[PDB]
Amino acid sequence: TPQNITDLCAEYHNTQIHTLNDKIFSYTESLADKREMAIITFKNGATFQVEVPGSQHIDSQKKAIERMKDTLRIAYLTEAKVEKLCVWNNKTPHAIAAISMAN
Amino acid sequence: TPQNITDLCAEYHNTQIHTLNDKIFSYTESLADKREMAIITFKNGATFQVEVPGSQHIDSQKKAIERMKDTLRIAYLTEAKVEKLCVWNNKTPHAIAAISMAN
Amino acid sequence: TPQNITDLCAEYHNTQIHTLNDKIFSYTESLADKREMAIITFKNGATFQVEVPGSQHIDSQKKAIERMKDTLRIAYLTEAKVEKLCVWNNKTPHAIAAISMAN
Amino acid sequence: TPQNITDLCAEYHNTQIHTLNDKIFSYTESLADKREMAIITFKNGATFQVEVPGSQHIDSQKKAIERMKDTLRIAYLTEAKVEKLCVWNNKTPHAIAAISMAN
Amino acid sequence: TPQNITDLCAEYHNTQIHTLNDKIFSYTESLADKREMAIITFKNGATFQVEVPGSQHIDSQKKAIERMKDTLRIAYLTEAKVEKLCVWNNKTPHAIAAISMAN
Ligand SMILES: [Cl-]
């Protein structure tokens, strides 16, 4: 099993690692129909999204998605340093697959 | 897919962006019949609500609504600065569609 | 729609508003059979409870009751000032209907 | 309804009130099969548990049990002083029925 | 029945206790298909995972898995000192079965 975010990311197609080593700059949350999502940006301008649960989402992935949004909201409020993001680059904003935080 | 709240807001009818750049002054939560909701106000007097989950709302929307109330409660308690709010202006108080927080 | 706790409290029968403007003094939680509830008191001796979830009332009522217990616990831990409580006075301790927090 | 932990505890069989007036010394959590539980200890050596949710527990019981585990974790991490604990003393460690927290 | 993490860990096969007495160094969360897991690291490099769910995990087991992920996330965010870890050593990285935290 992957021991870290980098090996984990290399296991999928259309994913790429982003090394930020910085806290989340802004956090956006929408409850709007068909746009139930979260968007975070960093000071340098990089924007990422936690993708809206569509048909392409099982039931085990639906829970991890809700988990990710909880993680991002609390990481933002506590000014936690996000180290890396593994994202799907075939989507705009890039969609978050994984996150790693290191104090 | 919107990259920010302003663009995401523009995709709906009767919406409106409010720039508060202020912490929530008050938080009111009700569990009373057919009024299971949260109401927030800012020092400027602005009052907003998170609509009661009802008939129109499907499941992904019912949980986004629950997440929004969680978000406002934790934002109120941590004194987080709310930047903008996308609201449906055809309701009173205006109902919240999305929220952005910055730094 | 009601825009504050006093107006919302008035739409119900035999309710009453309590102005505390103080933090919760103590928080009691019970998982014991038929008394799965939370009880809070203020330094002045006022004691309030969140009703135990009964079958006949709808599940949105059940979610709101659960949220209210989450809200009281975190308000207690963070020493948040509670402004007013709207309660059903036909119960003792008085059962909470709504709560407002403001500093 | 009971208005405090002492009165509530006296409504059950084989219960006992423990007065701690101290923060939880340690918190243990287990996800191992049939040992899904939380165990807490205090400086004075007292050890208490939250029972595993067997398929004997009513609907509301399983949910109150999950809440208690959330409460113990957050009380531990915030160093919240625990006032009294009502436990069923016919189990080892004694099983928690109710908890009161007061400053 | 078991009163601490050591006794509880000894009740399983392929488990072992790790004494760390230190805060989590890094936290990794993944929402990716088949890798919906959490990975933690300590300062000396030691890595542990909370295993991805499956039908092997009865429903009560899946709840405890979700709870553990929540616990590691706030423990990391709060820099809480983790004392011991009971892990399954037949997997790589070693899978977490129980955690104990003592300040
Ligand atoms: Cl009993």
# chains A, B, ... in the order shown; residues from 1 in each chain; ligands from 1

call {"tool": "interface_residues", "arguments": {"of": "chain D", "to": "chain C", "cutoff": "12 Å", "atoms": "only C-alpha atoms", "output": "PyMOL selection string"}}
result
chain D and resi 1-13+15+50-51+53+57-72+74-88+95-103

call {"tool": "write_last_selection", "arguments": {"atoms": "C-alpha atoms", "output": "PDB file, in the first residue's frame"}}
result
ATOM      1  CA  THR D   1     -37.233  14.820  34.495  1.00  0.00           C
ATOM      2  CA  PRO D   2     -34.071  14.735  36.613  1.00  0.00           C
ATOM      3  CA  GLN D   3     -32.450  18.161  36.772  1.00  0.00           C
ATOM      4  CA  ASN D   4     -28.880  17.043  37.575  1.00  0.00           C
ATOM      5  CA  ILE D   5     -26.590  13.989  37.278  1.00  0.00           C
ATOM      6  CA  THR D   6     -27.073  12.789  40.894  1.00  0.00           C
ATOM      7  CA  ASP D   7     -30.909  12.553  40.504  1.00  0.00           C
ATOM      8  CA  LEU D   8     -30.664  10.952  37.040  1.00  0.00           C
ATOM      9  CA  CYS D   9     -28.159   8.307  38.215  1.00  0.00           C
ATOM     10  CA  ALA D  10     -30.521   7.208  41.030  1.00  0.00           C
ATOM     11  CA  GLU D  11     -33.140   6.096  38.506  1.00  0.00           C
ATOM     12  CA  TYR D  12     -31.077   3.181  37.321  1.00  0.00           C
ATOM     13  CA  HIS D  13     -29.936  -0.092  38.808  1.00  0.00           C
ATOM     14  CA  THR D  15     -25.212   2.852  39.329  1.00  0.00           C
ATOM     15  CA  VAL D  50     -18.079   3.445  26.946  1.00  0.00           C
ATOM     16  CA  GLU D  51     -19.680   0.065  26.151  1.00  0.00           C
ATOM     17  CA  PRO D  53     -22.651  -1.046  20.717  1.00  0.00           C
ATOM     18  CA  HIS D  57     -28.919  -1.723  21.860  1.00  0.00           C
ATOM     19  CA  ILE D  58     -32.069   0.157  20.838  1.00  0.00           C
ATOM     20  CA  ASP D  59     -32.034   2.731  17.997  1.00  0.00           C
ATOM     21  CA  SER D  60     -31.394   5.793  20.233  1.00  0.00           C
ATOM     22  CA  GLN D  61     -28.863   3.887  22.351  1.00  0.00           C
ATOM     23  CA  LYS D  62     -26.358   3.393  19.517  1.00  0.00           C
ATOM     24  CA  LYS D  63     -26.545   7.100  18.686  1.00  0.00           C
ATOM     25  CA  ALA D  64     -26.184   8.285  22.317  1.00  0.00           C
ATOM     26  CA  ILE D  65     -23.186   5.957  22.592  1.00  0.00           C
ATOM     27  CA  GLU D  66     -21.485   7.546  19.573  1.00  0.00           C
ATOM     28  CA  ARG D  67     -22.126  11.018  21.030  1.00  0.00           C
ATOM     29  CA  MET D  68     -20.552  10.089  24.355  1.00  0.00           C
ATOM     30  CA  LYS D  69     -17.377   8.961  22.586  1.00  0.00           C
ATOM     31  CA  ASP D  70     -17.227  12.308  20.717  1.00  0.00           C
ATOM     32  CA  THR D  71     -17.751  14.099  24.070  1.00  0.00           C
ATOM     33  CA  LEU D  72     -14.953  12.233  25.846  1.00  0.00           C
ATOM     34  CA  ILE D  74     -13.170  16.579  22.819  1.00  0.00           C
ATOM     35  CA  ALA D  75     -13.243  16.899  26.648  1.00  0.00           C
ATOM     36  CA  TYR D  76      -9.867  15.188  26.751  1.00  0.00           C
ATOM     37  CA  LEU D  77      -8.255  17.267  24.003  1.00  0.00           C
ATOM     38  CA  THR D  78      -9.516  20.564  25.516  1.00  0.00           C
ATOM     39  CA  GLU D  79      -8.626  19.513  29.076  1.00  0.00           C
ATOM     40  CA  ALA D  80     -12.190  20.136  30.236  1.00  0.00           C
ATOM     41  CA  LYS D  81     -12.664  19.411  33.912  1.00  0.00           C
ATOM     42  CA  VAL D  82     -15.037  16.472  34.432  1.00  0.00           C
ATOM     43  CA  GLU D  83     -17.220  16.993  37.517  1.00  0.00           C
ATOM     44  CA  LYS D  84     -19.038  13.700  38.068  1.00  0.00           C
ATOM     45  CA  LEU D  85     -19.571  10.497  36.166  1.00  0.00           C
ATOM     46  CA  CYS D  86     -22.546   8.185  36.668  1.00  0.00           C
ATOM     47  CA  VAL D  87     -21.497   4.614  35.903  1.00  0.00           C
ATOM     48  CA  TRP D  88     -23.035   1.129  36.018  1.00  0.00           C
ATOM     49  CA  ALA D  95     -19.517   1.680  32.060  1.00  0.00           C
ATOM     50  CA  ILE D  96     -20.404   5.364  31.687  1.00  0.00           C
ATOM     51  CA  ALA D  97     -24.104   6.316  31.774  1.00  0.00           C
ATOM     52  CA  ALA D  98     -23.796  10.087  32.212  1.00  0.00           C
ATOM     53  CA  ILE D  99     -21.165  12.790  32.570  1.00  0.00           C
ATOM     54  CA  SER D 100     -21.330  16.308  34.064  1.00  0.00           C
ATOM     55  CA  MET D 101     -18.766  19.001  33.299  1.00  0.00           C
ATOM     56  CA  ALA D 102     -18.558  22.197  35.288  1.00  0.00           C
ATOM     57  CA  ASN D 103     -15.877  24.861  35.591  1.00  0.00           C
TER      58      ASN D 103
END

call {"tool": "calpha_fit_rmsd", "arguments": {"fixed": "chain E", "moving": "chain C"}}
result
0.5 Å

call {"tool": "select_by_dssp", "arguments": {"residues": "stretch 46-99 of chain E", "states": "strand (DSSP E)", "output": "number ranges by chain"}}
result
E: 47-50, 81-88, 94-99

call {"tool": "select_by_dssp", "arguments": {"residues": "chain B", "states": "helix (DSSP H, G or I)", "output": "ChimeraX atom specification"}}
result
/B:5-9,59-77

call {"tool": "write_last_selection", "arguments": {"atoms": "N, CA, C and O atoms", "output": "compact mmCIF listing (two decimals), in the first residue's frame"}}
result
# COMPACT_ATOMS: atom_id res chain seq x y z
N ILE B 5 -16.62 32.38 -5.72
CA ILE B 5 -18.00 32.62 -5.29
C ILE B 5 -18.80 33.55 -6.22
O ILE B 5 -19.96 33.27 -6.54
N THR B 6 -18.16 34.63 -6.68
CA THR B 6 -18.81 35.60 -7.57
C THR B 6 -19.33 34.94 -8.85
O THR B 6 -20.49 35.13 -9.20
N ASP B 7 -18.51 34.11 -9.49
CA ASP B 7 -18.89 33.41 -10.73
C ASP B 7 -19.90 32.32 -10.46
O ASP B 7 -20.80 32.09 -11.25
N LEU B 8 -19.72 31.61 -9.36
CA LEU B 8 -20.64 30.56 -8.99
C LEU B 8 -22.01 31.19 -8.70
O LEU B 8 -23.05 30.64 -9.07
N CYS B 9 -22.00 32.36 -8.09
CA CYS B 9 -23.23 33.03 -7.75
C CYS B 9 -23.99 33.47 -9.01
O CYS B 9 -25.20 33.30 -9.10
N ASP B 59 -31.38 14.76 -1.67
CA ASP B 59 -30.37 14.39 -0.67
C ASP B 59 -29.01 15.09 -0.69
O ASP B 59 -28.51 15.46 0.37
N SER B 60 -28.39 15.29 -1.85
CA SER B 60 -27.11 15.99 -1.87
C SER B 60 -27.33 17.43 -1.39
O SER B 60 -26.48 18.02 -0.75
N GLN B 61 -28.51 17.98 -1.63
CA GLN B 61 -28.79 19.34 -1.19
C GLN B 61 -29.13 19.41 0.30
O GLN B 61 -28.84 20.41 0.96
N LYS B 62 -29.74 18.35 0.82
CA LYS B 62 -30.07 18.30 2.23
C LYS B 62 -28.79 18.23 3.05
O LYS B 62 -28.68 18.88 4.09
N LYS B 63 -27.80 17.47 2.59
CA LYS B 63 -26.58 17.45 3.36
C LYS B 63 -25.70 18.68 3.18
O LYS B 63 -25.07 19.11 4.12
N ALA B 64 -25.75 19.34 2.02
CA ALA B 64 -24.98 20.57 1.84
C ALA B 64 -25.53 21.62 2.84
O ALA B 64 -24.80 22.42 3.43
N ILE B 65 -26.85 21.61 3.02
CA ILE B 65 -27.54 22.50 3.96
C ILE B 65 -27.07 22.22 5.41
O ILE B 65 -26.83 23.14 6.19
N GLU B 66 -26.94 20.94 5.76
CA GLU B 66 -26.47 20.56 7.09
C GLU B 66 -25.02 21.02 7.23
O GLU B 66 -24.66 21.63 8.23
N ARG B 67 -24.21 20.80 6.20
CA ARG B 67 -22.82 21.26 6.24
C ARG B 67 -22.76 22.79 6.42
O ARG B 67 -21.97 23.30 7.21
N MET B 68 -23.59 23.53 5.71
CA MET B 68 -23.58 24.99 5.84
C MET B 68 -23.85 25.45 7.27
O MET B 68 -23.18 26.35 7.77
N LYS B 69 -24.80 24.82 7.96
CA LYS B 69 -25.08 25.20 9.35
C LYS B 69 -23.90 24.89 10.25
O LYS B 69 -23.58 25.66 11.14
N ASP B 70 -23.21 23.79 9.97
CA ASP B 70 -22.01 23.42 10.73
C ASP B 70 -20.94 24.49 10.51
O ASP B 70 -20.25 24.91 11.44
N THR B 71 -20.81 24.93 9.27
CA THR B 71 -19.82 25.93 8.89
C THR B 71 -20.05 27.27 9.57
O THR B 71 -19.11 27.87 10.09
N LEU B 72 -21.30 27.72 9.62
CA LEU B 72 -21.61 28.98 10.24
C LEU B 72 -21.42 28.92 11.75
O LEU B 72 -20.88 29.85 12.34
N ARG B 73 -21.77 27.80 12.36
CA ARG B 73 -21.56 27.67 13.80
C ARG B 73 -20.09 27.76 14.14
O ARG B 73 -19.70 28.56 14.99
N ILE B 74 -19.25 26.99 13.47
CA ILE B 74 -17.81 27.02 13.73
C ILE B 74 -17.16 28.37 13.35
O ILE B 74 -16.20 28.79 13.99
N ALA B 75 -17.68 29.04 12.32
CA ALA B 75 -17.18 30.35 11.90
C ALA B 75 -17.54 31.38 12.98
O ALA B 75 -16.69 32.18 13.39
N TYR B 76 -18.76 31.31 13.51
CA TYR B 76 -19.17 32.24 14.55
C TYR B 76 -18.30 32.07 15.79
O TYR B 76 -17.79 33.05 16.33
N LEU B 77 -18.12 30.83 16.24
CA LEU B 77 -17.33 30.55 17.44
C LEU B 77 -15.83 30.86 17.33
O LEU B 77 -15.21 31.27 18.31

call {"tool": "atom_distance", "arguments": {"atom1": "atom CA of residue D:89", "atom2": "atom CA of residue D:44"}}
result
17.4 Å
